[PDB]
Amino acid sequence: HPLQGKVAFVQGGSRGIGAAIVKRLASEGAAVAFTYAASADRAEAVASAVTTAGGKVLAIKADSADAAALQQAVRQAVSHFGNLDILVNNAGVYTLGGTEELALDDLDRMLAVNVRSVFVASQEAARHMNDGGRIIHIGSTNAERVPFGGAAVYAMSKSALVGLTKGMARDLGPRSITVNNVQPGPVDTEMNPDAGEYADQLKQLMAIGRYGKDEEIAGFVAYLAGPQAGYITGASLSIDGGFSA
């Protein structure tokens, strides 16, 4: 239980990758607060998974487009569990549109979920974080490799995380808080499933030939959140099957 006694906050913990992160951090001993945007039933089920197995959980409904909500959610977590040790930012909107076609609203949307709320959650978490803590952003391999049209704003929003990570690492390093950007490739989720033609075409660009699993992302995040990873900071860390080789 490498995270016994620790308190983690997961922005977007109710489904896919975020649910697996919640469950792995709890399995390792952390008490976990997480936000969900949509489904109370889904969040209830993730919470139960933490509890049936002996872990402590708080689910918080919050819209990641609303900065006030995110700040309120962090404060509510800290009232529930005490100061944070770990923040994982996993809100994320993957929408395609060409440069000449994308609507001004889908843009301003990926900006608010994928960039602005990552900063806002990080700032409020840092204000309530123990020294020796961990902040992990979930970016994308499209920060490094954009093989097709339609991903310009999505890739912009994820490469934003590279400079955020570097500069936050400098800010928070004197507190011994690490800041890292985990860059996944394709991962099998219910809205991006490993199925169909587009999945086959993506697999052809990967050295591994398969989609990643939610639990593999969660295993990397849990390593970075743990006691062996205090020297890892400022980094953009690819876990992408070789997509970006």
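All residue numbers are counted from 1 along the displayed sequence.
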Checklist entry - Mean CA B-factor: is it higher for 108-116 or for 166-174? => result 108-116
Checklist outcome for this item: Higher avg CA temperature factor (91-99 vs 131-139, as deposited) belongs to 91-99
Checklist outcome for this item: From the entry's CA B-factor values, the highest among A33, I208, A218, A30 is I208
Checklist entry - Which one of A26, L58, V182, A195 shows the top CA temperature factor in the record? => result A195
Item to check | Lowest, middle or highest third - CA B-factor, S236 | outcome: lowest
